[PDB]
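So the protein sequences, as listed, match chains A, B, C, D, E and F.
For the first sequence, this note's numbering assigns the number 13 to the initial residue and increments by one for each residue that follows.
For the second sequence, this note's numbering assigns the number 912 to the initial residue and increments by one for each residue that follows.
For the third sequence, this note's numbering assigns the number 143 to the initial residue and increments by one for each residue that follows.
For the fourth sequence, this note's numbering assigns the number 443 to the initial residue and increments by one for each residue that follows.
For the fifth sequence, this note's numbering assigns the number 7 to the initial residue and increments by one for each residue that follows.
For the sixth sequence, this note's numbering assigns the number 248 to the initial residue and increments by one for each residue that follows.
Backbone N, C-alpha and C define an ideal beta-carbon position, used for all residues, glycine too.
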Amino acid sequence: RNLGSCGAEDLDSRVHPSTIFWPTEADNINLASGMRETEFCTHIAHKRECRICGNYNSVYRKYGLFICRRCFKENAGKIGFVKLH
Amino acid sequence: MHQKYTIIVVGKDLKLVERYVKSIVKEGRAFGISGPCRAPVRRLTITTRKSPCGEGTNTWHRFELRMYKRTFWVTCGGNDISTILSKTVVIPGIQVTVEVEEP
Amino acid sequence: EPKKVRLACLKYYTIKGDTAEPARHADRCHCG
Amino acid sequence: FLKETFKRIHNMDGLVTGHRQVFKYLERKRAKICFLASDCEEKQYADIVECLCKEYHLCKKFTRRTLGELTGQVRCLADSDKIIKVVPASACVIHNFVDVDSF
Amino acid sequence: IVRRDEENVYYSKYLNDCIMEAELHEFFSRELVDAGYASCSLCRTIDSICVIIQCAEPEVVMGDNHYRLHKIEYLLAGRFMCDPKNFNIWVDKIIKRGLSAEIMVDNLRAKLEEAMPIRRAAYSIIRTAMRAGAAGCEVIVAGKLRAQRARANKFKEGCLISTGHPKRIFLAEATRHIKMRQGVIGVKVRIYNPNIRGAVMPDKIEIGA
Amino acid sequence: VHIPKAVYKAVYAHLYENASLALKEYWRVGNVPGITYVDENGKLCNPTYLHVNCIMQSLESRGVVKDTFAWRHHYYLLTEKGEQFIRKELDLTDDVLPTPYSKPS
């Protein structure tokens, strides 16, 4: 299909070149650098997940943590958060 | 020679941050450094449900993190590039009290 | 689920090593 | 002799088997030499090689099984002992090359 | 008068290293259990990293020719994108192990996985603590000890305080989980020492005549 | 699953040089930023997570290395046996030793 092409009036209407505003959330560099490969994971979307227990529900993005709430009360003492007042 | 330098200090405990200070200022009397500017306290706050699930009365946790900051920038001409190290060594290094320097 | 075709002495393209080819539509070894 | 370096080659490879590989290694490839299977299945099978070689670096020797020995083309258990039948080969070609003791 | 978006750099630069600390703590607790790992502390230097460990006997983790430890240093270089040789690790030793709950609970789990009886092990831990100098120690075991029905029994000796701010210092607690055939067996420990670091508990009055 | 030999050699060499592998628990499509190789591609290219994950799984199942999961990262370490193996593939000899044997300093 490397030689196919369509009417130019059907090619000026392709999408905006400015890539996409749907990149995956990567905390560090260790995640990535950026046949079935044609569609294995083309659905590019956010996947931010607890950096402890790897869960996509109830993640505190505030202050750039990305820590679930249940995976947080345990480690709060280690991190530095203290329960006073 | 003269560079106009700044010292930043950060910490989560009030005791060490008040102990590092005394040592550094006592050490710098000669070079011309002066006291700090105690900055507004940064309050991190998190409210979380006390339970891993929705049950019983709705009870909340209230965690917080205080961060304290003291800034000496009064070295400047009184201290040259090499002489700065003289002041960052005699002090009693503490395991957790990041101190950054920038002219 | 197409299944291969047996390989054989297709190099006999030349009677005696005349070095000819180093077929339907003219396609390159792989792409075109 | 000639039984140790091939192994050193094989860890980085350089030998090849099968008819398609050799010819594609005969033409448009740095064919140094190859120790043939010595006219096994058909001489013309290999007369295609000799004719092209003399028309366009190698020699011959009767030792196909050894060709499968130095070639890591036989199932070798961790104990470093023979298991399966030493797989006869013939494509023989050598590429990276990296003998002199023989010549 | 000032811009709040700059100091946020320093603040976010002190939050990142705290999270770095805890992951290491979990990793150690999961690996250096044979060295009696207690805790970890970190002095982020501008030049490198210096890490001060707390083990009952560092010589084990220290390794012949310091091979194991040096292996470890390189490993943490990969994960934190730090250059190796800048990740120096210093070991430190603990003396009054009875004063620390973590070591004793690790010992207790070790004993229990041998099929050693619970009562004997717990009371050995307790007399250990009182020998090292302790005003109290409490131990617990909950799970499917014998029958399908699950019940918990607790051992102890002397007084233990469980209220106030003093519980945040003189009272050290610890826990673990044990995966056995019948199912998870849960154990937890707490030791009370009022004379640590020469700190005086309140509601305490001394008079001289 | 059709992993080229170049990836094998690159992985093994990084293993030997750092005796380690602090890998990530990832299964999508992506490239490892550390180990890199230059073959056929013509320039130092990174490899893909699937290939390396399969390789390390084989290694561990064979006893060469051992893991120590903690949060979201795999931490592998090689043993004496592994040292006596990696040495064979990379054309090494007994005398050569891994870098951490010496001083990091």
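Candidates the options, of which the one nearest residue i by Cα
i        : options                                : result
B:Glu929 : B:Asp991, B:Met978, B:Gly989, B:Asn990 : B:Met978
E:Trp96  : E:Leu114, E:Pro123, E:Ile52, E:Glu63   : E:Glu63
A:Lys59  : A:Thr50, A:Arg73, A:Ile91              : A:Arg73
E:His183 : E:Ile175, E:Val195, E:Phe176           : E:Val195
F:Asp286 : F:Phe332, F:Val254, F:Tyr323           : F:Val254
E:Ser35  : E:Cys88, E:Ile55, E:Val67              : E:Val67
B:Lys926 : B:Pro1014, B:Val1007, B:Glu1013        : B:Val1007
F:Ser267 : E:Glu79, E:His72, E:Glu212             : E:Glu79
A:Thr50  : F:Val248, F:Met303, F:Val276, F:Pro345 : F:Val276
E:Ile101 : E:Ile132, E:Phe33, E:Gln60             : E:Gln60
A:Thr54  : A:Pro35, A:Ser45, A:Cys62, A:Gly66     : A:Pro35
D:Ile490 : D:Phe465, D:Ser522, D:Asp521           : D:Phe465
Sequence-distant residues of the same chain with beta carbon closer than 6 Å to residue i, five excluded per side
i                      : result
D:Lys503               : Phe477
residue 222 of chain E : No answer is possible for residue 222 of chain E: it lies beyond the span of chain E, which begins at 7 and ends at 215.
E:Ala178               : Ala107, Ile197
D:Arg506               : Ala479, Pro530
B:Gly988               : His913
B:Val1011              : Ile919
E:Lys150               : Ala156, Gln188, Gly189
E:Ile124               : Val147
F:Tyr322               : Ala269, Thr315
Cross-chain neighbours of residue i in chain F, by beta carbon under 9 Å
i        : result
A:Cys80  : The premise fails here: A:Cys80 is roughly 12 Å from chain F at the closest Cβ pair, so nothing lies under 9 Å.
D:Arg517 : Here the premise fails: no neighbours, minimum Cβ distance about 17 Å.
Three-state secondary structure assigned by DSSP to residue i
i        : result
E:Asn113 : helix
E:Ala141 : coil
F:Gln331 : helix
D:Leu457 : strand
F:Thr295 : strand
E:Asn94  : strand
E:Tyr198 : strand
D:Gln486 : helix
E:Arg125 : helix
D:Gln463 : helix
C:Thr161 : coil
F:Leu262 : helix
F:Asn278 : strand
E:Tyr80  : helix
F:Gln304 : helix
D:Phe504 : coil
Beta-carbon proximity list for residue i, same chain, < 7 Å, skipping 5 on both sides
i        : result
E:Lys117 : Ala127
B:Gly939 : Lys998
D:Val529 : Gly510, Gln515, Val516
D:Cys493 : none
Distance between beta carbons of residue j and residue i, contact taken as under 8 Å
i        : j        : result
D:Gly456 : D:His537 : 5 Å
A:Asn14  : C:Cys171 : The Cβ separation is near 15 Å, so there is no contact.
E:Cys143 : E:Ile197 : 5 Å
F:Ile282 : F:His261 : 5 Å
D:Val540 : D:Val458 : Going by Cβ atoms, the distance from D:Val540 to D:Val458 rounds to 15 Å, so no, they are not a contact pair.
E:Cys46  : E:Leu30  : 6 Å
Interface residues of chain F facing residue i [CB-CB closer than 7 Å]
i        : result
D:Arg507 : Near D:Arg507 there are no residues of chain F at all, since even the closest Cβ is about 24 Å away, more than 7 Å.
Chain-ordered neighbours of residue i on chain A, where CB pairs are closer than 8 Å
i         : result
F:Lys271  : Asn42, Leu43
B:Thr1008 : Under the 8 Å cutoff, chain A gives no residues; its nearest Cβ is about 13 Å from B:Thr1008.
Interface residues of chain E facing residue i [CB-CB closer than 7 Å]
i        : result
B:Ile919 : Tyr16
Amino acids of chain B, ordered along the chain, whose beta-carbon sits closer than 7 Å to that of residue i
i       : result
A:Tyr75 : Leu955
Chain-ordered chain A contacts of residue i [CB-CB under 9 Å]
i        : result
B:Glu975 : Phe93, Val94, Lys95, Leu96, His97
B:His972 : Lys85, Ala88, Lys95
E:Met207 : By Cβ distance, chain A contributes nothing, its closest Cβ being about 19 Å from E:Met207, past 9 Å.
B:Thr999 : Ordered by position in chain A, no residue passes the 9 Å Cβ test against B:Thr999, which lies about 24 Å from the chain.
Within chain F, the residues that residue i reaches when beta carbons sit closer than 8 Å
i        : result
E:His183 : Neighbours of E:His183 on chain F: none; closest Cβ ~16 Å, over 8 Å.
A:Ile32  : Simply none; closest approach about 16 Å.
D:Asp455 : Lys252
A:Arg63  : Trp318, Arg319
Beta-carbon proximity list for residue i, same chain, < 8 Å, skipping 5 on both sides
i                      : result
E:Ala140               : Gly104, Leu105, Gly164, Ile197, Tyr198, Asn199
D:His452               : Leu512, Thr513, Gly514
F:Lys328               : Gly310, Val311
residue 547 of chain D : In the structure as shown, chain D starts at 443 and stops at 545, and residue 547 of chain D therefore has no counterpart that could be examined.
Listed by chain order, chain E residues near residue i by CB distance under 8 Å
i         : result
F:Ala257  : Correct list: empty, because the minimum Cβ distance to chain E is about 14 Å.
B:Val1011 : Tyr16, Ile52
Partner residues on chain A for residue i, Cβ-Cβ distance less than 7 Å
i        : result
F:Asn278 : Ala44, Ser45
B:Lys923 : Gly92
E:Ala44  : Ordered by position in chain A, no residue passes the 7 Å Cβ test against E:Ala44, which lies about 14 Å from the chain.
Residue i CB to nearest heavy atom of the ligand NAD below 7 Å
i        : result
F:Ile282 : By its list of ligands, the structure shown contains no ligand whatsoever, and the ligand NAD lies outside what it can speak to.
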